[PDB]
Ligand SMILES: [Cl-]
Ligand SMILES: [Cl-]
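Here it is, written out as structure tokens:
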């Protein structure tokens with residue numbers, strides 16, 4: 007049964023969150039392949055119920071399910087039924103486990119080949135109807151899930167030149183703000199639970215610099231208290247490769263981020279939809295990293311979780327804690343990092 011709740015209530019209920027990354031977001035094998043070929047294309051195992059149950063039973067209350075859609079769409083924007091059903095099945099895994107879950111539109115944005123949703127006004131005009139048709143299908147397919155399911159309009163939207171800090175042309179912000187409005191409109195128009203479902207809109211690049219925040223326009227919504235803003239944080243950039251310990255500079259970098267976000271977003275909750283050690287060339291921690299580097303990961307994660315809790319926000323770990331073959335056991339890949347998070351939250 008759907009029991010409507012405010013966006014802040016949702017965020018406060020997320021607790022510790024996890025990104026099922028490089029899974030349904032994996033892409034590049036082309037169109038018309040078996041569903042499993044996409045899901046395993048970047049080396050992750052096919053997702054199972056036991057994985058979601060493992061998350062809930064081990065101190066997590068929310069999962070973000072990145073999904074990349076373009077190779078599953080025909081020329082008319084119709085989503086292959088088999089793909090939609092697999093997205094539906096993984097959502098249902100999360101629902102059953104009791105988790106909150108977020109479904110998004112992922113590598114349809116940003117710097118990968120095939121990205122088609124861009125902070126560019128020509129691109130917006132050419133793709134807006136396809137974007138609204140995509141969201142209509144997603145909203146209709148996922149309409150009957152309860153308030154534990156949220157939709158996220160788009161991941162890391164960049165301009166045509168893949169600029170990571172801010173768009174080169176200020177007009178790029180118009181495109182982003184218009185897509186955000188279209189996402190909300192398309193979802194709300196389907197009615198039912200989607201009339202009041204909590205929805206998440208992201209900033210340019212999921213960044214949080216001064217210009218990016220100043221030029222973000224929250225969509226107008228016919229109902230109140232049902233929008234969340236999302237940013238990502240791997241700050242200080244490349245620390246995993248340049249820092250020995252999660253030090254004062256690192257900590258001050260994060261406190262300043264939360265202070266900036268709380269100051270900006272006074273009428274809506276925000277979330278840290280991704281964070282982790284991923285830096286230059288996506289180099290990141292693994293369970294074969296030196297003990298000291300694993301401690302660095304643990305310390306970043308403890309800080310992030312506590313600061314987010316203090317700021318009435320919530321966070322989702324990008325991948326590293328529950329990865330590859332460890333998912334099928336299931337077991338943590340990085341239990342010392344998870345332990346640092348659980349004890350920071352508690
Ligand atoms: Cl590619
Ligand atoms: Cl990334």
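Numbering (PDB author numbering), first residue to last: 7 to 352.
Just so you know, even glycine gets a beta-carbon here, dropped at the ideal spot from N, CA and C.
Residue i vs residue j beta-carbon contact at 8 Å
i, j, result
"residue 109", "residue 123", "no"
"residue 161", "residue 116", "yes"
"residue 89", "residue 41", "yes"
"residue 276", "residue 235", "yes"
"residue 274", "residue 246", "no"
"residue 319", "residue 263", "no"
"residue 159", "residue 179", "no"
"residue 182", "residue 193", "no"
"residue 251", "residue 191", "no"
"residue 48", "residue 28", "yes"
"residue 307", "residue 266", "no"
"residue 140", "residue 83", "yes"
"residue 311", "residue 303", "no"
"residue 248", "residue 281", "no"
Local conformation of residue i per DSSP, three classes
i, result
"residue 43", "helix"
"residue 112", "coil"
"residue 310", "helix"
"residue 199", "helix"
"residue 276", "strand"
"residue 164", "coil"
"residue 286", "helix"
"residue 238", "strand"
"residue 322", "strand"
"residue 247", "helix"
"residue 281", "strand"
"residue 32", "coil"
"residue 190", "helix"
"residue 233", "strand"
"residue 96", "helix"
"residue 172", "coil"
"residue 71", "strand"
"residue 49", "coil"
"residue 25", "strand"
"residue 11", "coil"
Proximal residues to residue i (C-beta, below 7 Å), its chain only, five neighbours per side dropped
i, result
"residue 328", "24, 338 and 339"
"residue 197", "none"
"residue 268", "317"
"residue 188", "134, 137 and 138"
Residue i, buried or exposed, once every other Cβ within 10 Å from all chains shown has been counted against 16
i, result
"residue 352", "exposed"
"residue 5", "Residue 5 lies beyond the stretch modelled for the chain, which goes from 7 to 352, so this question has no answer here."
"residue 78", "buried"
"residue 335", "exposed"
"residue 9", "exposed"
"residue 296", "exposed"
"residue 168", "exposed"
"residue 67", "buried"
"residue 283", "buried"
"residue 226", "exposed"
"residue 216", "exposed"
"residue 174", "exposed"
Cut-off 6 Å between Cβ atoms - residues of its own chain near residue i, not counting five sequence neighbours on either side
i, result
"residue 99", "55 and 58"
"residue 218", "172, 209 and 210"
"residue 142", "192"
"residue 21", "67"
"residue 259", "241 and 242"
Same chain only: Cβ atoms within 8 Å of residue i, ignoring 5 sequence neighbours per side
i, result
"residue 97", "71, 107, 109, 148, 151 and 155"
"residue 233", "13, 190, 204, 205, 206, 207, 224, 225, 227 and 274"
"residue 105", "58, 61, 62, 66, 67, 68, 69 and 154"
"residue 33", "44, 47, 74, 76, 77, 113, 118 and 120"
"residue 80", "86"
*asked:* Runs of 3 residues minimum, wholly inside the segment 205-231: which ones carry the beta strand (DSSP E) assignment?
replied: Segments of the beta strand (DSSP E) lying fully in the segment 205-231: 205-208.
Can you give, in chain order, each stretch of the alpha helix (DSSP H) that sits fully within the segment 115-151 and has at least 4 residues? Correct list: 127-147.
Neighbouring residues (CB closer than 5 Å to any heavy atom of ligand 3): What this structure holds is ligand 1 and ligand 2, not ligand 3.
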